[PDB]
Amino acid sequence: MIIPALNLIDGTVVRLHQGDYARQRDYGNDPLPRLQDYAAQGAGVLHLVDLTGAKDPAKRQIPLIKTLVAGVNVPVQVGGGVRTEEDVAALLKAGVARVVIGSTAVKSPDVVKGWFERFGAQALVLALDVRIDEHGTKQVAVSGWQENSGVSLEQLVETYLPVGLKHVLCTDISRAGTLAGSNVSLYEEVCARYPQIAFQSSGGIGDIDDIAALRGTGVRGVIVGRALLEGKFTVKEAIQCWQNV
């Protein structure tokens, strides 16, 4: 499944280089027609990150997210700044298909385990976004990726498997927003080690060949952000690539 992504800062569509808030490129303040064009090209799922909320959970763009979710007729997943059980419930009530959770899943696993019991594993996506160190450890970043948790992707996956973890979004932060290509070896590895998890690849797609390159990894979703904003290819072309590979 190709999953087009938009990232939002104070109403504006942005790209961050490797998630660095000091390295923005701006793409206007009309995300809704963008999403609607993605849906008309065939997108089956859409992904939204509230970057303002990820940086400060008190400043989440809640009215805007509601407007975007209500404005398309395909499932939308939303992340960025979610901290409480009430946060999750409100997003689901507003029509969000899946809520994406990074920071709190690392910091408070007892709490997030209770969310799995309440909402079900189909409603939650864990964002296990990583900076891979020189030893190979896949260290998960938190707080809008501004902090290194010092906890490995695998430790966190094993933490939530017994409560039915099903969906994981895994960004290679070094690739995010760079057009350099996604980390094929990373997804080959993690998908094979956890066949019961539906992984979404994330970060780095630069052209259609980069999508084709993921064909044998086993990922269930392919997130694409910057390349679609820059028009390297269309959603229609991306979908055709993934269907055929």
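One rule holds for the numbers: they count along the sequence shown, beginning at 1.
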Exercise. What stretch has the higher average Cα B-factor here, 208-216 or 172-180?
Worked result: 208-216
Problem set entry | Stretch with the higher entry mean CA B-factor, where the candidates are 137-145 and 68-76 | 68-76
Exercise. Highest CA temperature factor in the entry: which of 101, 153, 89, 96?
Worked result: 89
Seminar exercise, completed: Per the deposited B-factor column, the C-alpha that peaks among 2, 8, 241, 5 belongs to 241
Exercise. Comparing residue 194 with the other modelled residues of its chain, is its CA B-factor in the lowest, middle or highest third?
Worked result: highest
Exercise. Taking the C-alpha B-factors as the PDB entry records them, is residue 39 in the lowest, middle or highest third of its chain?
Worked result: middle
Exercise. For residue 158, does the deposited CA B-factor place it in the lowest, middle or highest third of the chain?
Worked result: middle
Exercise. Relative to the other modelled residues in the chain, which third contains the C-alpha temperature factor of residue 112: lowest, middle or highest?
Worked result: highest
For this session: Comparing against every modelled residue in the chain, figure out the third that the C-alpha B-factor of residue 118 lands in (lowest, middle or highest).
Result: highest
